[PDB]
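S.K.: Please see the structure below; I have some questions.
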Amino acid sequence: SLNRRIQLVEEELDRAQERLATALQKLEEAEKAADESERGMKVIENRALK
Amino acid sequence: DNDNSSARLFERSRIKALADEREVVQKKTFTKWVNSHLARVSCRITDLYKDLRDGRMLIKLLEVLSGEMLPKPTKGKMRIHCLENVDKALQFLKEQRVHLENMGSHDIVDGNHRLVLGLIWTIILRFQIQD
Amino acid sequence: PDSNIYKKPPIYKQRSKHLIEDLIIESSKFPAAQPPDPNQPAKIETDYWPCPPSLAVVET
Amino acid sequence: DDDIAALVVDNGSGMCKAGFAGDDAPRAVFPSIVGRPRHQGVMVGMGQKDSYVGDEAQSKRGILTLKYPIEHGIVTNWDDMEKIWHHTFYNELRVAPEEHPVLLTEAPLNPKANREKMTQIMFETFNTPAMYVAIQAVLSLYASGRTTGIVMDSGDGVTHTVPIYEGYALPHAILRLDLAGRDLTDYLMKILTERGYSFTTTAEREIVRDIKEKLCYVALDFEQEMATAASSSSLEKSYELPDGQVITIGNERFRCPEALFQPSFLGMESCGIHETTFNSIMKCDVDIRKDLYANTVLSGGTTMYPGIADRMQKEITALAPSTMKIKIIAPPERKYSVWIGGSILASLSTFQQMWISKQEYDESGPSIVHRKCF
Ligand SMILES: Nc1ncnc2c1ncn2[C@@H]1O[C@H](COP(=O)(O)OP(=O)(O)O)[C@@H](O)[C@H]1O
């Protein structure tokens, strides 16, 4: 019985690690898009103030 | 291109935010309503999506609301037994001529939010409680 | 429609001169020749089953 | 306050949208397909489900045949439409249909029995207190916020152009063309055979539709684009099938939308969409054409290809006299614009006088919709 129990817990751990990795990558992409947004913000602000 | 990005922003913000706001509030209301009726058997659910997967709690809720004796739950721990129990609950609902559309055992077992909430709403609206 | 299928009897179910051997025939039906313990759980849910269980039960 | 928000349900050939009156965006959007199993079921013990509706039909598209109840703006199988409406009311919005009035949309020119049948179904099966039928192109002009203009709406089944001047519509200048996204999807399935890719069944039609949504655009000049594509392989893209195989379409990116402007590729004698818009403008009176040229409004999901606005502006400017200006008004969220217009129609104070009551239906039969709806 303990062999199958350890198998189940190990599979769940591997799945959780995969989900954590893809969440971190998505967070990096979101931060990069947020930076590009404020770049566009000041260039449009310069055009409008002229 | 850019217009596609703007449309993606519009849908992803507005439609998703309004939809899941409504599901959150309705889920809390439905969870409280179910917990009101399930105290007679002294069973309590903390999450509406997770606790209805195995089908035992749906059978007990129908047991309380109908007041009649449903058949035996299938003794098991697998996916097949969960499908069997949810199918038994849906068959008892079909016995009372309660009209459900797009309702399957695998949908309730897999944990679809919209279909579980719709099933609870159909239980509240169309099903009548015996006293 | 509106037909309940689980509370029907089994289809094969729908259809003296010795006492001593009849009780032995009755006892031979169960997987062990004695009847099982009523409050002991069955082998399906005793956590000794070799097949893996569903995700929801493990989560709970 | 005793004001109950009226459900707004936009029904098209492709997708069904649903929400409440006064909201900014629809709560539920899902494809309008009904699927049925096509293989043997051997795992006894699982539940039985006769039909699949909406997103669940798309999720399990492998083992199902999918049928659209609405074809060319006309619904053919009414039972599937009833199933879709039941799923919308009970599983998507979680509301009781007898509490709220329901506003429905339809194409301008269609068989007269459709309005009567939806009126009868909504008043008998769903027990709604009131209902109304509106034309989608007028709702686009509500969503634009301008009283006058010409509205072209192209969806999954039908294309139609109407002119309106100061809230007055000209019924003789309304034009309907039966060219839409489904014909473009079929043409893309046909022309993908040249590169060696074969798509036959309905799930493959959904895959080809996704490919068309991802990798299609409209060329400003068709001959220039063809020469450029023949010269070099810079104008190529790669798509990944669900089974892991990679396809490369290349030249076929701008040939599928070109059938919108030249319907001779599909064997149709009828003219293009720009020609239809110009003919609808020319059918109007003389001194409103000046206002109609400057207020051209695009709507529908079919008008979402990149480069449609510039190409249509160039073609209409070629047709129109050079002395006055033509501009194309394409909002970024045009795909939902029809529904948005309906919400505004459900918010006005005078529109509470325009509902078709249940007592009026009981007196007048299903024919009241022709009297009380445009
Ligand atoms: N972003 C897009 N780019 C290109 N074509 C699209 C896009 N979105 C949707 N379509 C096409 O438009 C159709 C959907 O149109 P829709 O607005 O749903 O029509 P209706 O609402 O009248 O049914 C789809 O069949 C698809 O082929």
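In the structure tokens, chains take letters A, B, ... by order of appearance, with residues numbered from 1 within each chain and ligands from 1 in the order shown.
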Quick one: which residues from chain A are at most 9 Å off chain C, using only C-alpha atoms, as a PDB file with N, CA, C and O atoms, in the first residue's frame?
M.R.:
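That gives us selection00.pdb:
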```
ATOM      1  N   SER A   1       0.819  -1.216   0.000  1.00  0.00           N
ATOM      2  CA  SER A   1       0.000   0.000   0.000  1.00  0.00           C
ATOM      3  C   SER A   1       0.855   1.270   0.000  1.00  0.00           C
ATOM      4  O   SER A   1       0.531   2.253  -0.693  1.00  0.00           O
ATOM      5  N   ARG A   4       2.142   2.654  -3.458  1.00  0.00           N
ATOM      6  CA  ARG A   4       1.172   3.420  -4.236  1.00  0.00           C
ATOM      7  C   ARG A   4       0.920   4.791  -3.620  1.00  0.00           C
ATOM      8  O   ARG A   4       0.735   5.781  -4.346  1.00  0.00           O
ATOM      9  N   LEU A   8       1.471   8.418  -5.549  1.00  0.00           N
ATOM     10  CA  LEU A   8       0.475   9.479  -5.711  1.00  0.00           C
ATOM     11  C   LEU A   8       1.013  10.829  -5.244  1.00  0.00           C
ATOM     12  O   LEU A   8       0.857  11.851  -5.936  1.00  0.00           O
TER      13      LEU A   8
END
```
S.K.: Kindly provide, as a ChimeraX atom specification, all nucleotide and amino acid residues lying within 8 Å of ligand 1, counting only C-alpha atoms and all ligand atoms.
M.R.: /B:4 /D:10-17,31,73,154-158,180-182,184-185,209-210,212-214,216-217,300-306,335-336
S.K.: If I take CA of residue 1 (chain B) and CA of residue 328 (chain D), how far is one from the other in Å, to one decimal?
M.R.: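 Distance reported for this atom pair: 17.5 Å.
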S.K.: Can you list, as an NGL selection string, every residue of region 135-265 of chain D that DSSP puts in strand (DSSP E or B)?
M.R.: :D and (135 or 149-154 or 159-165 or 168-169 or 175-177 or 238-240 or 246-248)
S.K.: Could you write out as an NGL selection string the residues of chain D within 8 Å of chain B, counting only C-alpha atoms?
M.R.: :D and (24-28 or 45-49 or 51-53 or 83 or 86-87 or 90-92 or 94 or 96 or 304 or 306 or 332-333)
S.K.: Could you produce a table of the residues of chain B lying within 8 Å of chain C, with the nearest pair of atoms per residue and their separation in Å rounded to one decimal, using only C-alpha atoms, ordered by chain and increasing residue number, as a Markdown table?
M.R.:
```
| residue | atom | partner | partner_atom | distance |
| --- | --- | --- | --- | --- |
| B:50 | CA | C:56 | CA | 7.3 |
| B:51 | CA | C:60 | CA | 7.9 |
| B:53 | CA | C:56 | CA | 6.5 |
| B:54 | CA | C:56 | CA | 6.9 |
| B:71 | CA | C:7 | CA | 6.3 |
| B:75 | CA | C:44 | CA | 6.8 |
| B:76 | CA | C:45 | CA | 5.6 |
| B:77 | CA | C:53 | CA | 5.4 |
| B:78 | CA | C:53 | CA | 4.4 |
| B:79 | CA | C:54 | CA | 4.8 |
| B:88 | CA | C:6 | CA | 7.2 |
| B:91 | CA | C:4 | CA | 5.8 |
| B:92 | CA | C:4 | CA | 6.5 |
| B:94 | CA | C:2 | CA | 5.2 |
| B:95 | CA | C:2 | CA | 4.7 |
| B:96 | CA | C:2 | CA | 7.3 |
| B:97 | CA | C:2 | CA | 6.1 |
```
S.K.: Since we have the selection now, will you write its residues out, keeping N, CA, C and O atoms, as a PDB file, in the first residue's frame?
M.R.:
```pdb
ATOM      1  N   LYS B  50     -15.575  21.592  -5.102  1.00  0.00           N
ATOM      2  CA  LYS B  50     -14.803  20.405  -4.745  1.00  0.00           C
ATOM      3  C   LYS B  50     -15.661  19.325  -4.095  1.00  0.00           C
ATOM      4  O   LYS B  50     -15.491  18.137  -4.392  1.00  0.00           O
ATOM      5  N   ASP B  51     -16.582  19.709  -3.210  1.00  0.00           N
ATOM      6  CA  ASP B  51     -17.261  18.732  -2.366  1.00  0.00           C
ATOM      7  C   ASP B  51     -18.346  17.949  -3.092  1.00  0.00           C
ATOM      8  O   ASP B  51     -18.765  16.899  -2.595  1.00  0.00           O
ATOM      9  N   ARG B  53     -17.999  16.533  -6.048  1.00  0.00           N
ATOM     10  CA  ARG B  53     -17.410  15.705  -7.097  1.00  0.00           C
ATOM     11  C   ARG B  53     -17.743  14.231  -6.901  1.00  0.00           C
ATOM     12  O   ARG B  53     -18.115  13.539  -7.856  1.00  0.00           O
ATOM     13  N   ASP B  54     -17.616  13.727  -5.673  1.00  0.00           N
ATOM     14  CA  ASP B  54     -17.823  12.303  -5.437  1.00  0.00           C
ATOM     15  C   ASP B  54     -19.289  11.888  -5.495  1.00  0.00           C
ATOM     16  O   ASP B  54     -19.574  10.700  -5.673  1.00  0.00           O
ATOM     17  N   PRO B  71     -31.595   5.158  -3.792  1.00  0.00           N
ATOM     18  CA  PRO B  71     -30.876   3.878  -3.743  1.00  0.00           C
ATOM     19  C   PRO B  71     -29.501   3.994  -3.096  1.00  0.00           C
ATOM     20  O   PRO B  71     -29.023   5.081  -2.762  1.00  0.00           O
ATOM     21  N   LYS B  75     -20.278   1.621  -3.306  1.00  0.00           N
ATOM     22  CA  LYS B  75     -19.100   1.583  -2.446  1.00  0.00           C
ATOM     23  C   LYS B  75     -17.849   1.595  -3.312  1.00  0.00           C
ATOM     24  O   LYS B  75     -17.562   0.618  -4.010  1.00  0.00           O
ATOM     25  N   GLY B  76     -17.105   2.694  -3.276  1.00  0.00           N
ATOM     26  CA  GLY B  76     -15.912   2.786  -4.096  1.00  0.00           C
ATOM     27  C   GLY B  76     -15.137   4.052  -3.813  1.00  0.00           C
ATOM     28  O   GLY B  76     -15.601   4.954  -3.109  1.00  0.00           O
ATOM     29  N   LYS B  77     -13.932   4.099  -4.381  1.00  0.00           N
ATOM     30  CA  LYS B  77     -13.037   5.237  -4.253  1.00  0.00           C
ATOM     31  C   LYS B  77     -12.552   5.759  -5.596  1.00  0.00           C
ATOM     32  O   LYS B  77     -11.727   6.679  -5.624  1.00  0.00           O
ATOM     33  N   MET B  78     -13.034   5.207  -6.703  1.00  0.00           N
ATOM     34  CA  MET B  78     -12.478   5.459  -8.020  1.00  0.00           C
ATOM     35  C   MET B  78     -13.244   6.573  -8.724  1.00  0.00           C
ATOM     36  O   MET B  78     -14.124   7.219  -8.150  1.00  0.00           O
ATOM     37  N   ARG B  79     -12.909   6.793  -9.996  1.00  0.00           N
ATOM     38  CA  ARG B  79     -13.669   7.711 -10.834  1.00  0.00           C
ATOM     39  C   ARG B  79     -14.989   7.093 -11.278  1.00  0.00           C
ATOM     40  O   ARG B  79     -15.998   7.797 -11.402  1.00  0.00           O
ATOM     41  N   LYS B  88     -26.690   8.374 -10.520  1.00  0.00           N
ATOM     42  CA  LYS B  88     -27.842   8.028  -9.686  1.00  0.00           C
ATOM     43  C   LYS B  88     -28.600   9.272  -9.239  1.00  0.00           C
ATOM     44  O   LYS B  88     -29.839   9.297  -9.259  1.00  0.00           O
ATOM     45  N   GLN B  91     -30.473  10.627 -12.205  1.00  0.00           N
ATOM     46  CA  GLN B  91     -31.617   9.783 -12.530  1.00  0.00           C
ATOM     47  C   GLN B  91     -32.768  10.018 -11.560  1.00  0.00           C
ATOM     48  O   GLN B  91     -33.938  10.018 -11.965  1.00  0.00           O
ATOM     49  N   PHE B  92     -32.458  10.219 -10.275  1.00  0.00           N
ATOM     50  CA  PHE B  92     -33.510  10.584  -9.331  1.00  0.00           C
ATOM     51  C   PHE B  92     -34.107  11.945  -9.661  1.00  0.00           C
ATOM     52  O   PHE B  92     -35.310  12.157  -9.471  1.00  0.00           O
ATOM     53  N   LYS B  94     -34.341  13.103 -12.726  1.00  0.00           N
ATOM     54  CA  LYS B  94     -35.187  12.813 -13.880  1.00  0.00           C
ATOM     55  C   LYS B  94     -36.485  12.131 -13.470  1.00  0.00           C
ATOM     56  O   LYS B  94     -37.486  12.229 -14.189  1.00  0.00           O
ATOM     57  N   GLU B  95     -36.482  11.424 -12.338  1.00  0.00           N
ATOM     58  CA  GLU B  95     -37.697  10.770 -11.858  1.00  0.00           C
ATOM     59  C   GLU B  95     -38.759  11.795 -11.471  1.00  0.00           C
ATOM     60  O   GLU B  95     -39.955  11.586 -11.702  1.00  0.00           O
ATOM     61  N   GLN B  96     -38.338  12.916 -10.888  1.00  0.00           N
ATOM     62  CA  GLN B  96     -39.247  13.984 -10.485  1.00  0.00           C
ATOM     63  C   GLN B  96     -39.635  14.902 -11.641  1.00  0.00           C
ATOM     64  O   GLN B  96     -40.300  15.917 -11.404  1.00  0.00           O
ATOM     65  N   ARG B  97     -39.233  14.558 -12.870  1.00  0.00           N
ATOM     66  CA  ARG B  97     -39.447  15.367 -14.075  1.00  0.00           C
ATOM     67  C   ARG B  97     -38.898  16.784 -13.927  1.00  0.00           C
ATOM     68  O   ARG B  97     -39.515  17.752 -14.377  1.00  0.00           O
TER      69      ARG B  97
END
```
S.K.: Enumerate as a PyMOL selection string all residues of chain C assigned to alpha helix (DSSP H) by DSSP on the backbone, naming them with the chain letters and numbers the document uses.
M.R.: chain C and resi 20-27+55-59
S.K.: Using C-alpha atoms, can you export the residues from the last selection as an mmCIF file, in the first residue's frame?
M.R.:
```
data_model
loop_
_atom_site.group_PDB
_atom_site.id
_atom_site.type_symbol
_atom_site.label_atom_id
_atom_site.label_comp_id
_atom_site.auth_asym_id
_atom_site.auth_seq_id
_atom_site.Cartn_x
_atom_site.Cartn_y
_atom_site.Cartn_z
ATOM 1 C CA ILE C 20 -27.940 -30.022 6.661
ATOM 2 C CA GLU C 21 -26.486 -29.684 3.159
ATOM 3 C CA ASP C 22 -28.571 -26.602 2.328
ATOM 4 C CA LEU C 23 -26.828 -24.544 5.022
ATOM 5 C CA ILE C 24 -23.454 -25.585 3.581
ATOM 6 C CA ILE C 25 -24.643 -24.509 0.120
ATOM 7 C CA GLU C 26 -25.715 -21.174 1.631
ATOM 8 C CA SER C 27 -22.335 -20.737 3.340
ATOM 9 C CA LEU C 55 -8.360 12.745 -7.934
ATOM 10 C CA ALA C 56 -11.242 14.183 -5.892
ATOM 11 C CA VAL C 57 -11.035 11.641 -3.056
ATOM 12 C CA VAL C 58 -7.260 12.117 -2.783
ATOM 13 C CA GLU C 59 -7.736 15.902 -2.756
#
```
S.K.: If you measure from CA of residue 260 (chain D) to CA of residue 298 (chain D), what distance in Å do you get, rounded to one decimal?
M.R.: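 Here the two named atoms are 14.0 Å from each other.
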S.K.: Pick out the residues sitting within 10 Å of residue 78 (chain D), and hand them over as a list in words; count only C-alpha atoms, and ignore anything fewer than 4 positions along from it in its own chain.
M.R.: residues 69, 70, 82, 83, 84, 117, 118 and 121 of chain D
S.K.: Env of residue 36 (chain B): 12 Å cut, atoms = only C-alpha atoms, seq-sep filter 6 positions within chain, self excluded. Answer as a ChimeraX atom specification.
M.R.: /B:29-30,42-45,61,64-65
